[PDB]
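First up is the structure itself, then whatever we jot down about it.
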Amino acid sequence: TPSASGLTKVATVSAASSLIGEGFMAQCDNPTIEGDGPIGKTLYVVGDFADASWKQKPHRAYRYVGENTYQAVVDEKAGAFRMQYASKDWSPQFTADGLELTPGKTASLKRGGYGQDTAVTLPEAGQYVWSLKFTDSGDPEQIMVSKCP
């Protein structure tokens with residue numbers, strides 16, 4: 001349990017008069033501070049099924065989660081869609097061999113830019129957030145993704 005000792009007002013950096021605020025946290029987006037994530041590393045995801053747009057915005061091409069975790073918001077079509085993750089300099093990629101990811105399911109983090117595509121059954125179009133934690137020594141690796149309406 002988080003409990004509540006004596007915290008109510010949030011500390012503001014430098015200065016920012018905030019009289020009104022929107023429930024941004026309700027969009028399923030946790031605070032991503034500078035942590036121990038993969039620095040100097042960019043991730044590229046390409047979807048192919050109904051659209052095949054292969055779009056990857058730079059502003060969200062690589063988000064650092066302050067907790068040895070990686071996050072990247074992606075927008076794809078609805079109803080059976082396959083996607084793959086890979087870098088430009090043949091760096092650590094993602095390959096879901098016979099994984100078949102589902103809304104709110106964890107995916108196996110493998111390697112190789114020529115494996116099996118991950119198909120997700122989502123009858124609703126939109127962008128989902130991929131949250132995954134990576135090991136420090138380079139042994140264990142798990143991925144998790146869910147859809148937020």
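By order of appearance in the structure tokens: chains A, B, ..., then residues from 1 within every chain, and ligands from 1 in the order shown.
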Residue A:37 surroundings by only C-alpha atoms, 6 Å radius, close-in-sequence under 5 positions cut, as a list in words = residues 64, 68 and 69 of chain A
Give me a file of those residues, with N, CA, C and O atoms, as a JSON list (two decimals), in the first residue's frame.
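Just written: selection39.json:
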[["chain", "number", "residue", "atom", "x", "y", "z"],
["A", 64, "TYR", "N", 12.35, 7.22, -22.65],
["A", 64, "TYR", "CA", 13.10, 6.63, -21.54],
["A", 64, "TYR", "C", 12.27, 6.56, -20.27],
["A", 64, "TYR", "O", 11.86, 7.59, -19.72],
["A", 68, "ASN", "N", 14.91, 1.47, -15.66],
["A", 68, "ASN", "CA", 15.48, 0.40, -16.48],
["A", 68, "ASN", "C", 14.41, -0.15, -17.44],
["A", 68, "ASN", "O", 14.50, -1.29, -17.90],
["A", 69, "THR", "N", 13.39, 0.67, -17.72],
["A", 69, "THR", "CA", 12.29, 0.27, -18.59],
["A", 69, "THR", "C", 12.25, 1.12, -19.86],
["A", 69, "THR", "O", 12.73, 2.25, -19.87]]
Report the distance between atom CA of residue A:66 and atom CA of residue A:126 in Å, rounded to one decimal place.
->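 Separating atom CA of residue A:66 from atom CA of residue A:126 is a distance of 25.3 Å.
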Identify all residues of chain A in helix (DSSP H, G or I) (DSSP on the backbone) and supply them as a PyMOL selection string.
-> chain A and resi 24-27+58-60
For the residues in that selection, give me N, CA and C atoms as a short mmCIF file (atom, residue, chain, number, x, y, z; two decimals), in the first residue's frame.
data_model
loop_
_atom_site.label_atom_id
_atom_site.label_comp_id
_atom_site.auth_asym_id
_atom_site.auth_seq_id
_atom_site.Cartn_x
_atom_site.Cartn_y
_atom_site.Cartn_z
N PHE A 24 -4.57 13.80 -17.35
CA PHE A 24 -3.70 13.16 -18.33
C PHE A 24 -3.31 11.74 -17.89
N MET A 25 -3.14 11.56 -16.58
CA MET A 25 -2.77 10.26 -16.02
C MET A 25 -3.81 9.18 -16.36
N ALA A 26 -5.05 9.62 -16.63
CA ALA A 26 -6.14 8.69 -16.97
C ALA A 26 -5.94 8.06 -18.35
N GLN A 27 -4.97 8.55 -19.12
CA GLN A 27 -4.69 8.02 -20.45
C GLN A 27 -3.74 6.81 -20.41
N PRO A 58 9.61 10.74 -34.53
CA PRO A 58 10.86 10.93 -33.78
C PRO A 58 10.62 11.35 -32.33
N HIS A 59 9.61 12.20 -32.12
CA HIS A 59 9.27 12.67 -30.77
C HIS A 59 8.91 11.51 -29.84
N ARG A 60 8.43 10.41 -30.42
CA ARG A 60 8.06 9.23 -29.64
C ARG A 60 8.79 7.98 -30.15
#
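Nearest to residue A:79 of all the residues A:108, A:102, A:5, A:135 is A:102, counting only C-alpha atoms.
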Take atom CA of residue A:84 and atom CA of residue A:117 and report the distance between them in Å, one decimal.
->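 Spanning atom CA of residue A:84 to atom CA of residue A:117 is a straight-line distance of 6.2 Å.
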What's the 12 Å shell around residue A:41, counting only C-alpha atoms, without same-chain residues fewer than 4 positions away, as a VMD selection string?
-> chain A and resid 37 61 to 64 70 86 to 93
Selection near stretch 136-149 of chain A, 7 Å with only C-alpha atoms, sequence-local residues under 2 positions removed, as a count of residues only = 16
Would you please work out which residue, of A:115, A:38, A:31, A:80, is nearest to residue A:51 when using only C-alpha atoms?
->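 Smallest separation from residue A:51 among the options: A:80.
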All residues 10 Å or closer to residue A:55, only C-alpha atoms, same chain fewer than 6 positions away omitted, as a PyMOL selection string | chain A and resi 44-47+61+74-76
From a DSSP pass on the backbone, collect the residues of chain A flagged as strand (DSSP E) and hand them back as an NGL selection string.
-> :A and (44-48 or 63-65 or 69-76 or 81-86 or 105-108 or 118-120 or 126-134 or 141-146)
For the selection you just gave me, I'd like the residues written to a file as a PDB file, in the first residue's frame, keeping C-alpha atoms.
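For reference, selection12.pdb as written:
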ATOM      1  CA  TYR A  44      11.849   1.455 -34.856  1.00  0.00           C
ATOM      2  CA  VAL A  45       8.508  -0.354 -35.233  1.00  0.00           C
ATOM      3  CA  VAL A  46       6.842  -1.193 -38.561  1.00  0.00           C
ATOM      4  CA  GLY A  47       3.248  -2.411 -38.892  1.00  0.00           C
ATOM      5  CA  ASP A  48       2.000  -4.507 -41.813  1.00  0.00           C
ATOM      6  CA  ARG A  63      10.942   7.206 -24.625  1.00  0.00           C
ATOM      7  CA  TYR A  64      13.098   6.630 -21.541  1.00  0.00           C
ATOM      8  CA  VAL A  65      11.313   5.124 -18.548  1.00  0.00           C
ATOM      9  CA  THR A  69      12.289   0.266 -18.593  1.00  0.00           C
ATOM     10  CA  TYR A  70      11.548   1.249 -22.200  1.00  0.00           C
ATOM     11  CA  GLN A  71       8.342   2.786 -23.574  1.00  0.00           C
ATOM     12  CA  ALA A  72       7.218   3.649 -27.108  1.00  0.00           C
ATOM     13  CA  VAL A  73       3.718   4.783 -28.133  1.00  0.00           C
ATOM     14  CA  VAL A  74       2.585   3.296 -31.463  1.00  0.00           C
ATOM     15  CA  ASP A  75      -0.494   3.894 -33.642  1.00  0.00           C
ATOM     16  CA  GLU A  76      -1.763   1.088 -35.920  1.00  0.00           C
ATOM     17  CA  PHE A  81      -2.256  -6.339 -37.243  1.00  0.00           C
ATOM     18  CA  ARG A  82       1.365  -7.517 -37.397  1.00  0.00           C
ATOM     19  CA  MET A  83       4.438  -5.479 -36.424  1.00  0.00           C
ATOM     20  CA  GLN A  84       8.196  -5.793 -35.863  1.00  0.00           C
ATOM     21  CA  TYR A  85      10.891  -3.915 -33.913  1.00  0.00           C
ATOM     22  CA  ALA A  86      14.438  -3.267 -35.154  1.00  0.00           C
ATOM     23  CA  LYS A 105      -0.468  -9.469 -22.864  1.00  0.00           C
ATOM     24  CA  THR A 106       3.296  -9.856 -22.458  1.00  0.00           C
ATOM     25  CA  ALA A 107       5.552 -10.620 -25.435  1.00  0.00           C
ATOM     26  CA  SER A 108       8.916 -12.393 -25.645  1.00  0.00           C
ATOM     27  CA  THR A 118       3.340 -10.615 -33.813  1.00  0.00           C
ATOM     28  CA  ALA A 119      -0.380 -10.482 -34.629  1.00  0.00           C
ATOM     29  CA  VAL A 120      -2.713  -8.684 -32.211  1.00  0.00           C
ATOM     30  CA  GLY A 126      -5.814   3.651 -31.968  1.00  0.00           C
ATOM     31  CA  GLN A 127      -2.374   3.948 -30.392  1.00  0.00           C
ATOM     32  CA  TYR A 128      -1.180   1.656 -27.597  1.00  0.00           C
ATOM     33  CA  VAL A 129       1.712   1.994 -25.148  1.00  0.00           C
ATOM     34  CA  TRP A 130       4.459  -0.633 -25.008  1.00  0.00           C
ATOM     35  CA  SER A 131       6.004  -0.965 -21.543  1.00  0.00           C
ATOM     36  CA  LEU A 132       8.938  -3.342 -21.083  1.00  0.00           C
ATOM     37  CA  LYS A 133      11.805  -3.838 -18.636  1.00  0.00           C
ATOM     38  CA  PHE A 134      15.293  -4.854 -19.742  1.00  0.00           C
ATOM     39  CA  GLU A 141      13.957  -9.755 -20.801  1.00  0.00           C
ATOM     40  CA  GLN A 142      10.160  -9.353 -20.754  1.00  0.00           C
ATOM     41  CA  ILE A 143       7.733  -7.148 -22.705  1.00  0.00           C
ATOM     42  CA  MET A 144       4.217  -5.924 -21.850  1.00  0.00           C
ATOM     43  CA  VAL A 145       1.677  -3.923 -23.866  1.00  0.00           C
ATOM     44  CA  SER A 146      -1.908  -2.791 -23.250  1.00  0.00           C
TER      45      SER A 146
END
For residue A:32, which residue among A:49, A:56, A:67, A:10 is the nearest when counting only C-alpha atoms?
->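 Ranking A:49, A:56, A:67, A:10 by distance to residue A:32, first place goes to A:67.
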Quick one: distance from atom CA of residue A:13 to atom CA of residue A:29 in Å, one decimal?
->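 Separation of atom CA of residue A:13 and atom CA of residue A:29: 20.0 Å.
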